[PDB]
């Protein structure tokens, strides 16, 4: 079976992964023991997909193919002492003694360099337990020092020894509302430059969009990180549902680069999800389809009805019937909602996964009979970089906080290269919309 290894770096990465692995365990009927829920006899996935993310290390014992990395032991210790302490093997949870302290530099150059060998070993241990390794799923924030510095470093060493294997990335784009550092713009611009050629398709998670979605749709006046992560997992689970279950679209990691990316550098699709109801009725295919094109339903805070669309994959879950989707999708094309790019021969691609989406019982989200996830590669996502580049430019003009980086093994000129590369990236997204 073609296996996929899920690598989580940093606080945000490990806490999001907690939610993702809580939902994946609930979707396939895996108890925190790694054992099957009462009555199952077989995991709800396998034989179809479940084998990809879970490793039956012995009869009845199913352990996620995952690796947690964090420079502080704090976040990971919670896992080691939590209710899922038996889910992961102890060899899969790797921690240091001191963190990167919101500094990309020591995460990439100084501290994170010291724990690199361990992580590269454990991954290799996992990669050897595979009979057809397909690739990896990176999940990390770009704000902190570890998920940003060590994460990017890890994505570089993975391209080094697992070259022919594809890598997908879930990046937590920084937001002022839930920020933990003033130098988050620095970290962000630095990694995006050092992961721009070490990722086949990166799904951006803007903490500001998730925040306001939890605030509006979920009716929470001040959503915590747990709130954000519950929503995020619900989306990520939907993105990778076709991998773990019966898929008619994106049943392969490689299918993502094929379906969404025209050029290597452009691999940041805008993700939409619907519906997101509070845990306190029932909808339809037409509604959730229309909702995908409304501003308050994206992982990044930009307009669905803006920019140029180069690729689009509509992914439906649950009790969904093909007649409705063909009809609802046609209602979108005929009404001329989005503006497709002239040079793309094909248009909207549709996938169906009849396995009903599920929300954890301890979450603020309700269970829906049918839900949709839209992955669209639009040029409106360039605005997210545009935004972070101002923040970066403002500080760097006075070399503010730069000494913290040059003091941790970085050249001052690396800021320059990381800025030009993102500057070129901005131009790439506007020039690819012409013709």
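Residue numbers count along the first chain shown, from 1.
K.L.:
I'd like the number of residues from the deposited sequence that lie between residue 280 and residue 281 yet are not in the model, binned as none, 1 to 3, 4 to 9, or 10 or more.
P.N.:
In the record, 4 to 9 residues between residue 280 and residue 281 lack coordinates.
K.L.:
Tell me which of 284-292 and 166-174 has the higher mean C-alpha B-factor in the deposited entry.
P.N.:
Here the higher of the two C-alpha B-factor means belongs to 284-292.
K.L.:
According to the deposited model, is the average Cα temperature factor higher in 335-343 or in 302-310?
P.N.:
The stretch with the larger mean CA B-factor is 335-343.
K.L.:
Which of these, 365, 158, 243, 209, has its C-alpha atom at the highest B-factor, as the entry lists it?
P.N.:
Answer, based on the entry's C-alpha B-factors: 365.
K.L.:
If I read the C-alpha B-factors straight from the PDB entry, which of 181, 188, 229, 254 is highest?
P.N.:
It is 254.
K.L.:
Looking at the entry's B-factor column for C-alpha atoms only, identify whether residue 194 ranks in the lowest, middle or highest third of its chain.
P.N.:
Its C-alpha B-factor, which the entry lists for residue 194, ranks in the middle third among residues of this chain.
K.L.:
Residue 40: which third of its chain by C-alpha temperature factor?
P.N.:
According to the entry, residue 40 has a C-alpha B-factor in the chain's highest third.
K.L.:
Using the B-factors in the PDB entry, rank residue 274's C-alpha atom against the chain and give the third, lowest, middle or highest.
P.N.:
Tercile = middle for this residue's CA B-factor.
K.L.:
According to the PDB entry, is the CA B factor of residue 56 in the bottom, middle or top third of its chain, that is, lowest, middle or highest?
P.N.:
Tercile = middle for this residue's CA B-factor.
K.L.:
What third of its chain, lowest, middle or highest, does the C-alpha temperature factor of residue 92 fall into?
P.N.:
Residue 92: CA B-factor falls in the middle third of its chain.
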